[PDB]
Each structure stands twice: as structure tokens, then as C-alpha cells.
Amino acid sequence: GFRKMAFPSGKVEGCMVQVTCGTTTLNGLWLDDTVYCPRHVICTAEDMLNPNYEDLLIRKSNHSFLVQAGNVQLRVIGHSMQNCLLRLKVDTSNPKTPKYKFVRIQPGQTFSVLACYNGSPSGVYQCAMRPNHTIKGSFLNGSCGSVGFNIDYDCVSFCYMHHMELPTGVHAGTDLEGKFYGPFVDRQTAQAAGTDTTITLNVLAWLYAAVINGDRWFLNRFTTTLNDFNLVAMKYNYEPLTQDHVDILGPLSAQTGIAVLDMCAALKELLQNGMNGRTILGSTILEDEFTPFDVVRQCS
């Protein structure tokens, strides 16, 4: 539609904690008797250069970690490493633990992020994982350990934890198994975001959203080949569209009676000629941070 929306953040707010090792404070996620946070919490200045994490961690005791849930200190009674995450066992299982899963999303998919500072929910926003495996977020002075999530009924699917700002100001992080999205690493290296593309699947979904809402002036009489579309789109720095993507857009295509390649033909014409001062869904640009599922969830 028109407004981009985040999921209501309440269920995730009740899981946010502050984790401190000496001089470093970040956010952790408290689910049952476990707190999850970036492993780099155990790290200092010089450590970030080339950290032997599994060495630095051998040093630490349970009493090293200060876990604060609002006004209560949670006793840490275990710690371990899973990839780029520290897992802290605490003596209290979170009475607000929602129904939840850990998922790994795909590039181009959207999720809500609750930005927190020192364990304290600060703001909520909706974003996409970019094709280049980074997020164009707003993570400021101490937001590491903030999570991305989707909510389907009363089940929270956690998908993202924030680890690092990249040289461009874009954000890099892991799933909830501690595996980075992207080639990125939790140390100070020369790593930079790759060049980014537009999420074609998502633009197409948003064009379906527009048509569903009666904004359809951009439709035309013609069709295109998949390959002929990709030939045009890639010149505009759009992600090649796959047959898998064509299939993903199936329900919206059946809802509107507009074949995906008929819609590609409309997009092709939009890219070559522009909007000509017009708007789609009150936008002067082609929007790419709404998935097919987002579109179905909201209007459709």
C-alpha cells in the first residue's frame, strides 16, 4: 500500500536486555533461560583488530557478564559460543517469552527492527535485507544486539541480530544462530558492502498492490519474455528476475488477473520512460521494500 508498517513490537520489547562486559554494553535477547547477544561484547579496541574469540572467552567467568532486565540483575550461570553469538544461561526463564522460531531470511525480504540502546527499546522500523546482504537501517550509539523479526499470528520469527556498521553507514549482522548474512566478519577489516541492486520481486509486488488499490495507469497491452525483461531491467540495476520469483508472484497475479510477464512489460516501460511526473500509490519512485507477502498481508 501507501504506509510502510512495522509489526507491533510489544512481544519483542519484553525480551530485550542490556549485556555488559567491563566497559562494553550492548543489547541481548532473553528467551526462556537464555540470553543471546553478539560475541564481540567480550571484545575491546585492540581485540576487534584480530580477536581470538574462543581464547578471550576461556578467560571469562559467568560473573564477568552483567545482564540487566529493566531493574533486575539476571544471574549468569552459564555461557557458550555459537558462531558469532554468545549464549548466556541465566537463572530466570523470561515470563514474557513469546511463541517464537529462529529463521534465516533471504535477500530482499523484509522484517521489523526494534532499535534499542543499553537494553531499552528506542524505536521500531520496517526494512528489507538488501541483495548485497546489508540493511539500510538507523542504528546509532549502542544498538548492537537489536533484532529483526516477523510476527505471524502470535509467533515471533526472529531473523536478524545487529553486529556492525559498515564503511557506508549500512548495517551487517547475523541470524539467531550467529551466522552472518553476507561475507561479513565481526572484526576490524577492510570489508565493504558490495554494489547493491533494486529488489525486482518487491517492485513487482508493489505494482500489484497499486493495481489492487485502483492505481493502474501504468498497465499496458503487451507482454515480454523473461529474458527480454532481464535484459532491460539489469541495465537499470534491477536484480535479474527468476522463474522462482515469477511463481512467488502467482497469488497476486491471480488476484488481479495480470500475468507476471504482462506486469514485467509495464515495469520495463516504466524504467525506459519514467513516471512522467505521475505517482504510483502516492510515490514518485518505484518502491522495493514491500514483499509479495507484505502486499498480501496488508491490502489484499
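One rule holds for the numbers: they count along the sequence shown, beginning at 1.
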Discussion item. Averaging CA B factors per stretch from the PDB record, which one is higher: 68-76 or 142-150?
Written reply: 68-76
Worksheet item: In the PDB record, does 48-56 or 34-42 carry the higher mean Cα temperature factor?
Response: 48-56
Worksheet item: For the listed residues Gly274, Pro251, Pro240, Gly257, which one has the largest C-alpha B-factor as given in the deposited model?
Response: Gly274
Discussion item. Highest Cα temperature factor in the entry, among the options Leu166, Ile199, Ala128, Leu85: which one is it?
Written reply: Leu166
Response to the item:
Quick tally, chain-level thirds of C-alpha B-factors: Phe222 sits in the highest
Fill in: Third of chain Cα B-factors occupied by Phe158
lowest
Worksheet item: Lowest, middle or highest third of the chain for the C-alpha temperature factor of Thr92?
Response: middle
Fill in: Third of chain Cα B-factors occupied by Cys21
highest
Worksheet item: What third of its chain, lowest, middle or highest, does the C-alpha temperature factor of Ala6 fall into?
Response: lowest
